[PDB]
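What follows is each chain in one-letter form.
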Amino acid sequence: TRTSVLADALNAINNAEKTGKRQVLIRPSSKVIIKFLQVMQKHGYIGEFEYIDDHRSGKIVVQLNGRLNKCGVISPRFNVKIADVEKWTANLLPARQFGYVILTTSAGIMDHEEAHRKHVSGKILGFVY
Amino acid sequence: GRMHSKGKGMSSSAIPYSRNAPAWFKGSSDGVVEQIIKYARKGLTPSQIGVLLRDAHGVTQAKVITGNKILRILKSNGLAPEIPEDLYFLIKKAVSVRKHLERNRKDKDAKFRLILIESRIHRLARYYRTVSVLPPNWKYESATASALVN
Amino acid sequence: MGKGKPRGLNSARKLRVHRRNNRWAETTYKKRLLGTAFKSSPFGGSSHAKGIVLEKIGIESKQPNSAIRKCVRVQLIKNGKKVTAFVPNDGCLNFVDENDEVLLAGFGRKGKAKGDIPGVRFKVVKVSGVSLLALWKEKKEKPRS
RNA sequence: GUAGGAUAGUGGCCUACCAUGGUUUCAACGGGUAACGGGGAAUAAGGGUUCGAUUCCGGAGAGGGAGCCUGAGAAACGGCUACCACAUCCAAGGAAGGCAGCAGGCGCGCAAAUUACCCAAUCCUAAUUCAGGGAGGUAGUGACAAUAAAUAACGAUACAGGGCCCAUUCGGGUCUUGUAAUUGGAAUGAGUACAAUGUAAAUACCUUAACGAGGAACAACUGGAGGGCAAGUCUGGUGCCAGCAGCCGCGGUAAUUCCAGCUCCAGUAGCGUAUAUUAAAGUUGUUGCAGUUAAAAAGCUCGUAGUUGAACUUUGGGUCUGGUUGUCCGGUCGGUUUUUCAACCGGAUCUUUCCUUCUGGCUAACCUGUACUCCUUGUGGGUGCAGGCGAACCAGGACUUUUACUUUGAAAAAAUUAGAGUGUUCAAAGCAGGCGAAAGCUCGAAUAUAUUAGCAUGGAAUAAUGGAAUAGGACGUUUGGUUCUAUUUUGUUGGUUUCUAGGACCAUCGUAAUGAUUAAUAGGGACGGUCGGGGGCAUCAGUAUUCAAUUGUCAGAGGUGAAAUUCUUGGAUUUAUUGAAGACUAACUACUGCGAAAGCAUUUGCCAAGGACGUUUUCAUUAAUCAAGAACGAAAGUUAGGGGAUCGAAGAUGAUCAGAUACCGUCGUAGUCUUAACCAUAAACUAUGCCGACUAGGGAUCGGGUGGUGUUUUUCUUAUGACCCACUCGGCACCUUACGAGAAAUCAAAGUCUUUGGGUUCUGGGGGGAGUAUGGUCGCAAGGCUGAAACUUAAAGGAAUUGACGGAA
RNA sequence: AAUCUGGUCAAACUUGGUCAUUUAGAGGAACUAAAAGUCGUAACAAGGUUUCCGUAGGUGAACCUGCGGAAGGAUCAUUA
Ligand SMILES: [Mg+2]
Ligand SMILES: [Mg+2]
Ligand SMILES: [Mg+2]
Ligand SMILES: [Mg+2]
Ligand SMILES: [Mg+2]
Ligand SMILES: [Mg+2]
Ligand SMILES: [Mg+2]
Ligand SMILES: [Mg+2]
Ligand SMILES: [Mg+2]
Ligand SMILES: [Mg+2]
Ligand SMILES: [Mg+2]
Ligand SMILES: [Mg+2]
Ligand SMILES: [Mg+2]
Ligand SMILES: [Mg+2]
Ligand SMILES: [Mg+2]
Ligand SMILES: [Mg+2]
Ligand SMILES: [Mg+2]
Ligand SMILES: [Mg+2]
Ligand SMILES: [Mg+2]
Ligand SMILES: [Mg+2]
Ligand SMILES: [Mg+2]
Ligand SMILES: [Mg+2]
Ligand SMILES: [Mg+2]
Ligand SMILES: [Mg+2]
Ligand SMILES: [Mg+2]
Ligand SMILES: [Mg+2]
Ligand SMILES: [Mg+2]
Ligand SMILES: [Mg+2]
Ligand SMILES: [Mg+2]
Ligand SMILES: [Mg+2]
Ligand SMILES: [Mg+2]
Ligand SMILES: [Mg+2]
Ligand SMILES: [Mg+2]
Ligand SMILES: [Mg+2]
Ligand SMILES: [Mg+2]
Ligand SMILES: [Mg+2]
Ligand SMILES: [Mg+2]
Ligand SMILES: [Mg+2]
Ligand SMILES: [Mg+2]
Ligand SMILES: [Mg+2]
Ligand SMILES: [Mg+2]
Ligand SMILES: [Mg+2]
Ligand SMILES: [Mg+2]
């Protein structure tokens, strides 16, 4: 089966980056995926991206900037209790300074810093450094 | 990538972009429905009916022209069989396999195939039960399977 | 590759079970569990044991280095089992004598042999209430016979 | 369950009668624990792992098990009664006992203190200021553990190192450092000791007088001195010894490793050894390992649990309005208040938008306008009440899709831990202290953690769940009804029926945009032409061997590994026609095809099934992998049947070699082959689990399917067929760089892994002992599945590199 | 008050039965260690019959030999 569509997409993106492609084609194209992409854009890791309407599920194209290094996805969507966020960041991200840990929460799909600012955490999706 | 075999093909029907009607290809929805009903009465299964519609007449999909599918339409009318079509087919196949086995005691591959078919049927049956079409506490197996079939 | 172990968010019990199962390949863990020290291991899973010197026995060493290693056949008091204890430093065996009480210790290897002395697992420490090293030194003297 | 009985009371607690339940792979039940539970302890990046007899909280027990008195409270044991086990005292008739209180003894053991002093404190009990208290404190022993630190310091003279005024050679040495049993002045408390302090009394501490340091003491040990690993290629004694050595190892007459001196290192009032245990161990892995070959992918597929599982439903814009730090000056007496500005976090709203809705209480407010004006020429400003904005709160309905997740909160005893304050002289600590006139006053005794479960609230992303598809659906000016229920007044009771206001339930009328998301390059199923050494049953060939028949021809033919044995001649062999039997099914035959693997190649037929494909067909989550269990499963073997040609484990037998029941050789029971039962194993090997996705070129090659005024077939156009070429999807298959990998062989997967997480099953944790012992279980057996430890050992392996070698080329 | 009729709780005992853990134990049959024993030369070089694996049968010991399989093979090779 096609489990974690988002994860697959992320993997594809990573592969593309490794190759030195300037853009990616993604099949399934979810809400979560879209959110992630938006977040990335906000941060400054991704160019344009466009949702094709296959009169069906979806189909995204992402413009890679050459800035992404890894665009990871942590596997089961672990339940993060605000203090554990720091730990997670330490585990995943290079440096206290930079990078993000994209985690869904009540407020919306946001990065770790954003969540902290809000004062609202939840379940992790991925990361970007 | 296929349920039972290790053959991972994509022999598949594409479907067109427009959910709306393919303009020129005319007729009427009501007429189509009537035709479907007639087919059902005659004995054609939903898939078969659909195929018929496709082949000679100007229908592409019922989903497009009517809005409704075919099975749903049949149900509305009062024409969908007690056992859903695919399931029925599977049962028939199983029965056939059993018969073959009976005829020829020594046949291992055949037996295996039969077993597989049975398993498939069971799965399907379970699914149906979960849905609520076939009533619960009911196994569609082998001895009574034949009876069910005919 | 998902890599063997179940990565689901509710796959925890299974994981635990697997871990438990694995634990029985780890030797130390197994020993701890089954009480191999408490059921075997001449000592009672203890540091030391007092034992009676049944006889002085020179044991021929393993290989490379060739020599006789002046051991003692000791009978442990608490259990009644019979073991062989190497006796350290020059002489020492004379000091130990015969039919004396002798406080043994493990040789070092958590059981097992100690280098070259084959079938030998214990240092004699004290002979009839002194200390072998001390005796060797002559910092302390023996309490007569 | 019903009823009783009992109990302080609930209750199968017990009794009677009835029912057949109850728990369980989300491990019930059983077994083990060298298991009392928790607070906590050790370790310490994060995650962890181990320990918790033991100062606090609970629980048990008083040699064992039982029973009970008294009592508010005991199934008490410093109460009793019994029995068992142990034991005392005896004039033998009989009595008394219970340290797992304290002290102490034995006993056991590697392993643990005084038969001391007292209620002064701490608290406790009573008839109770007053007594008692082995609870408790006080010492004693005490290197359990922890904290603080003496074991000379400063001189001078006497011999050497370093700066140097200058270096014709010196040297003063004007300036600074180290060495000498010189010597000299100055302390010191470790010891002792009047005193005074302490104290219940004492000790000891802190405080003091007095004596007490000069190598002879008022004396530091332990381990090591090749490496790991800080430090001796010093000297002798030794000479495979004796010994050290965790491991590596040292020892065989030149030991830097043994045994002594000196030196020297390390740690230091401590340091070693032993066993545990934690770290190191990503050598138990969730974070975070391995499985092509190092240990590791079940031979294969099926499959319930479990674990997981495609995308789709409210997005976006405006309009104000609270903050919160940087800014703009300090507007100020190093601190404070706005603006020019900011990002950031909210709140209200409006956007086709409800945030749960009403029956009523309070309608705060003006949406107001009833008299219109206290009044700068005014819409600056409010005495003011009929219609009425309700969010400003309640206090009751109605009924909530339900979770998980996360938020802040309330609760998670103190000690511990983290941690603020503070001069125990310092600290380990401790909860103290601090400041006056020093007549009284005065700060403290914080805060944070603990995330398991429950409670509380906000959030609505993520993940599930739910709803209207016989709409028995939703609403409501429905209009009928049906069943109610039922209080309030008719004086108050018992009615009956109303008006009526609240249930509930079938009608019919209306209202609305009336109600199904996709149809996953997910999956199933139909359809279509196909494909195949896929399976079963049925026949055909070649035959080929063998025996036999008839047929012919007269010395040998078989066999050989170099060589032999071995057989017939009364033509064996050889030549030619047959027959019987059961085998097998070449050539075809390939980096070819099918099958879940095992496996499957002559014929035709039959019998079903199957992938790929094509499909504007159909269902709509049926899906992925799997411990229980299931289906198959090479060969051999097995039982039981048929055959048996050859080869051919057994066995005969002929050579060879020191020998050789071994090859080689000749023969050749069992089988081999088959049919009916089993068995369930393999280098069942791609030594590569499955599903999924993505990353780099190339040609082919099989099976489908498109397009080519292409070519040929030729029966004139043909139309099939068969190619050519291009693309297309599909399984049994090369080259380079690898940036991806990998220990490397190599790998386009064995890649997208310390930049560690797509979804799952299974397996492995040094080698051996051992696939053994044992028990299970499965079998006719042989064996299979399952599966130890003791003990042993420093390597076992892998990959390659150079060699050496090989009756390899 | 002794005394006493029935219950009830029930220690324990007697003789059996049973599970666990211990522990004597003649003999057996193993495995491990050790440096110099005996008969072979199985494997490693095509190790002098290529190795294995499964399986039967045999043997004095390696082992042999059927059958099927594997190459970790002693071959990624024969075109027409
Ligand atoms: Mg596929
Ligand atoms: Mg499957
Ligand atoms: Mg030697
Ligand atoms: Mg009752
Ligand atoms: Mg415990
Ligand atoms: Mg216990
Ligand atoms: Mg405890
Ligand atoms: Mg104990
Ligand atoms: Mg207690
Ligand atoms: Mg006792
Ligand atoms: Mg008692
Ligand atoms: Mg007592
Ligand atoms: Mg008491
Ligand atoms: Mg005592
Ligand atoms: Mg002690
Ligand atoms: Mg006490
Ligand atoms: Mg003392
Ligand atoms: Mg001092
Ligand atoms: Mg020393
Ligand atoms: Mg030494
Ligand atoms: Mg030395
Ligand atoms: Mg060194
Ligand atoms: Mg020497
Ligand atoms: Mg560990
Ligand atoms: Mg490992
Ligand atoms: Mg392996
Ligand atoms: Mg295998
Ligand atoms: Mg196997
Ligand atoms: Mg989803
Ligand atoms: Mg602290
Ligand atoms: Mg013959
Ligand atoms: Mg073919
Ligand atoms: Mg053929
Ligand atoms: Mg199984
Ligand atoms: Mg066979
Ligand atoms: Mg032969
Ligand atoms: Mg012979
Ligand atoms: Mg092992
Ligand atoms: Mg009685
Ligand atoms: Mg050869
Ligand atoms: Mg050999
Ligand atoms: Mg050989
Ligand atoms: Mg033999």
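Residues numbered from 1 in each chain as written, not as in the entry; some residues may be left out. Chains lettered and ligands numbered in written order. Part of a larger assembly, values for the part shown. Heavy atoms only, no water.

The deposited coordinates, according to the entry record, derive from cryo-EM at 3.8000 Å resolution.

Draft legend 1. How the structure looks around the domain arrangement of chain B. Residue and element names in this part refer to chain B. Taken domain by domain, chain B comprises domain 1 (26–80) and domain 2 (81–150). Distance from the C-alpha centre of domain 1 to the C-alpha centre of domain 2: 27 Å. Contact with domain 1, which involves seven residues of that partner, is made by five residues of domain 2. Summed over both partners, the interface of domain 1 with domain 2 buries about 390 Å², with 58% contributed by carbon and sulfur atoms. Here domain 1 is connected to domain 2 by zero salt bridges. Seen at the junction of domain 1 and domain 2, the total is one residue pair in polar contact. Here the side of domain 1 that touches domain 2 gets three residues from one element, more than from any other, and that element is helix 2 (residues 46–55). Grouping the constituent residues of the side of domain 1 that touches domain 2 by class yields three nonpolar, three polar and one charged. (Domains from an automatic or database assignment. Contact = heavy atoms within 4.5 Å. Buried area = accessible area lost by both parts, 1.4 Å probe. Salt bridge = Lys/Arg side-chain N within 4 Å of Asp/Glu carboxyl O. Polar contact = N/O pair within 3.5 Å; in protein donor to acceptor, adjacent residues only side chain to side chain. Helix = DSSP H or I, 4+ residues; strand = E, 2+ residues; numbered from the N terminus. Nonpolar A, V, L, I, M, F, W, Y, C, P; charged D, E, K, R; others polar.)

Draft legend 2. Structural detail: the protein's contact with RNA strand D. In the vicinity of RNA strand D, 161 residues are found, and the nearest of them are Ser121(A), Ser11(B), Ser47(B), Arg7(C) and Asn89(C). A share of 73% is what sugar and phosphate atoms reach among the atoms of RNA strand D within 4 Å of the protein. The side chain of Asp86(B) places a nitrogen or oxygen atom 2.9 Å from a base nitrogen of RNA strand D. Contact between RNA strand D and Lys30(C): a phosphate oxygen at 3.4 Å from a side-chain N or O atom of the residue. No other element matches the 13 residues that helix 6 (residues 108–131) of chain B contributes to the surface near RNA strand D. Here the residues of the surface near RNA strand D sort into 45 nonpolar, 53 polar and 63 charged. (Near = heavy atom within 4 Å.)

Draft legend 3. Geometry of the arrangement of the chains. Most contacts, compared over the two pairs of chains touching, are made between chains A and C. In this view chain B stays clear of chain C, with the nearest C-alpha atoms of the two still 17 Å from each other.

Draft legend 4. Geometry of the sheet that holds strand 4 (residues 101–106) of chain C. In spatial order, the strands read 1-2-3-5-4 (chain C); together these five strands close into a barrel with mixed pairing. Within the sheet, the average angular offset between the axes of one strand and its neighbour, ignoring direction, is 55°. (Pairing = 2+ DSSP bridges. Axes fitted to C-alpha atoms, helices over the stretch in contact; angles between N-to-C directions.)

Draft legend 5. Spatial organisation of the packing of helix 1 (residues 29–42) of chain B against helix 2 of chain B. Residues and elements named next belong to chain B. Running from N to C, helix 1 and helix 2 point in directions that differ by 130°, and their axes come no closer than 10 Å. Taken together, the axes of helix 1 and helix 2 are oblique relative to one another. Read as a crossing pair, helix 1 and helix 2 show a hand that is right-handed. Side by side, helix 1 and helix 2 meet where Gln-35, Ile-36, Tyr-39 and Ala-40 of the first sit next to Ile-49, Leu-52 and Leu-53 of the second. Residues that form the contact of helix 1 with helix 2 fall into these classes: six nonpolar, one polar and no charged. (Parallel < 35°, antiparallel > 145°, perpendicular 65-115°, else oblique. Left-handed = near helix turned anticlockwise from the far one by under 90°.)

Draft legend 6. Quick peek at the pattern of salt bridges. Summed over all chains, the structure comprises seven salt bridges over all chains. Of the charged contacts, one joins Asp84(A) and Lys87(A) as a salt bridge, the two residues approaching to 3.6 Å between their closest N and O atoms. Of this pair, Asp84(A) and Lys87(A) both sit in helix 3 (residues 83–92), three residues apart, which is roughly one turn of the helix. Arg69(C) is the salt-bridge partner of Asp116(C), the closest N and O atoms lying 2.4 Å from each other. Taken together, the positions of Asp116(C) in the loop between strand 4 and strand 5 (122–127) and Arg69(C) in the loop between strand 1 (48–57) and strand 2 (71–76) put the pair 47 residues apart, joining distant regions of the chain. Given the relative accessible area of 23%, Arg69(C) is considered partly exposed. (Buried < 20%, exposed > 50% of the residue type's maximum accessible area, 1.4 Å probe, protein only.)

Draft legend 7. View of the layout of surface pockets. Residues and elements named next belong to chain B. Size it by volume and the largest pocket reaches roughly 660 Å³. Lining the largest pocket are 24 residues, with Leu-71, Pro-84, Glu-85, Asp-86 and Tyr-128 sitting closest to its centre. Contributing elements (two or more residues each) for the lining of the largest pocket: helix 2, helix 4 (71–77), helix 5 (85–103) and helix 6. A class-by-class count of the residues in the lining of the largest pocket yields 16 nonpolar, one polar and seven charged. Taken together, domain 1 (26–80) and domain 2 (81–150) each give at least three residues to the lining of the largest pocket, which thus spans both. (1 Å grid on protein atoms, 1.4 Å probe; cavity = no way out; pocket = protein on both sides within 12 Å on 5 of 7 lines; lining within 4 Å. Points joined across faces, edges and corners; volume = space filled by probe spheres on them.)

Draft legend 8. Just the protein's contact with RNA strand E, in detail. Residues and elements named next belong to chain C. Every residue close to RNA strand E is listed here: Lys-39, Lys-62, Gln-63, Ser-66 and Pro-118. Close to the protein, within 4 Å, the atoms of RNA strand E belong to sugar or phosphate groups at a rate of 83%. Note that a phosphate oxygen of RNA strand E is positioned 2.6 Å from one of the backbone N or O atoms of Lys-62. Here the residues of the surface near RNA strand E are counted per class, giving one nonpolar, two polar and two charged.

Draft legend 9. Spatial organisation of the packing of helix 1 (residues 5–19) of chain A against helix 2 (residues 31–43) of chain A. All names here are of chain A. Where helix 1 meets helix 2, the axes come as close as 8 Å, and the angle between the chain directions of the two elements is 40°. One element, helix 1, and the other, helix 2, form an angle in the oblique class. Judged by the twist between their axes, the crossing of helix 1 over helix 2 is right-handed. Seen from helix 1, the contacting residues are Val-5, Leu-6, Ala-9, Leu-10 and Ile-13; seen from helix 2, they are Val-32, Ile-33, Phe-36 and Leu-37. Split by residue class, the contact of helix 1 with helix 2 holds nine nonpolar, no polar and no charged.

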